[PDB]
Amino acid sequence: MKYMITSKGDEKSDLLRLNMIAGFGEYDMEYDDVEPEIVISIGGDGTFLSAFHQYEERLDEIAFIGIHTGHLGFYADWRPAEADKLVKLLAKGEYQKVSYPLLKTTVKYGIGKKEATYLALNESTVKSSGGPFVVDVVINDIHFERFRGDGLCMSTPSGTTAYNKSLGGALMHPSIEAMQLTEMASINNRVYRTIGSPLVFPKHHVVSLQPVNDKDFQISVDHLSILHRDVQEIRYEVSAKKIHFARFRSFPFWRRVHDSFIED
């Protein structure tokens, strides 16, 4: 139906996009970047994340597809050589959609109410604004720990192969509706203690970070990173919303992991 194509913007990706637009012109496919039904990302995983956040208000009406023009992007399940086969199978349709869970981040501020919510496909992280980073971690209203260190990272399942992995987190198959919290350089001695281990939470569990001294934090959501001031609370939970991928052939997650980290 309606489709759109976002491009990394280098010469290689722009030309692939133009050629795919020409190929779609031979079918009942209409280019519309306002309310598309298929969103094709041509570039890398960064390009795909921007595509996701470009259309995160219409997630349930869109199936995403990624083409990697550089090396294998984790959200890319297509090489540029297969772009014509992509046009054709997409044109005919009859594909099946797969859904990965997402992370909801709520940021509460002081001096009254006011709230901001964000959706993450990889992760959301919290760091301080220059000084020391100290937050109380509250799990389902239960005070769990006082964290002192560089920061905290909350990952989706498909995010576990990204920042989460570099922090020592586990890789979880994206059929598991969960989120995973990992530490960044916690201090542990006689007076300061954190769990250390990554923590994996199911749906409906709420993880709340609460300031202890400084109330300014650098908060990231995927690629976006903003300094938030007068923060009262940061709440993490598995979103009710999901991202849908258009799948045309079997490419299992664990094979995707193998290709990306073991050999290809």
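The numbering used is simple: start at 1 and walk along the sequence shown. Under this definition, the rigid core comprises the largest set of C-alpha atoms superposing within 1.5 Å between the forms.
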- Quick note, superposing on core in 6 other deposited structures of this protein and taking C-alpha RMS, the more shifted stretch of 185-193 and 169-177 is 185-193
- Core-fitted comparison in 6 other deposited structures of this protein, 254-262 vs 3-11, farther C-alphas: 254-262
- Among the other compared PDB entries, is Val98 dropped in a third or more? no
- At least a third of other PDB entries omit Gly130: no
- Between 34-42 and 192-200, point out the one with the higher average CA B-factor as the PDB entry records it. 34-42
- With reference to the PDB entry, specify whether the mean Cα temperature factor is higher for 178-186 or for 77-85. 77-85
- Message: Looking at the C-alpha B-factor values in the deposited entry, which of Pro157, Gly149, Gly93, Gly168 comes out highest?
- Response: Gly93
- Task: Select one of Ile67, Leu227, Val221, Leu209: the residue whose C-alpha shows the highest B-factor in the crystal structure entry.
- Result: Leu227
- Message: Taking only the Cα B-factors deposited for this chain, tell me whether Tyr163 sits in the lowest, middle or highest third.
- Response: lowest
- Temperature factor at the Cα of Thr47, chain-ranked in thirds, falls in the lowest
- Item | CA B-factor placement of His205, once the chain's modelled residues are sorted into thirds | lowest
- Message: Which third, lowest, middle or highest, does the C-alpha temperature factor of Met29 belong to within its own chain?
- Response: highest
- Based on the entry's values, in what third of the chain does the Cα temperature factor of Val134 lie: lowest, middle or highest? middle
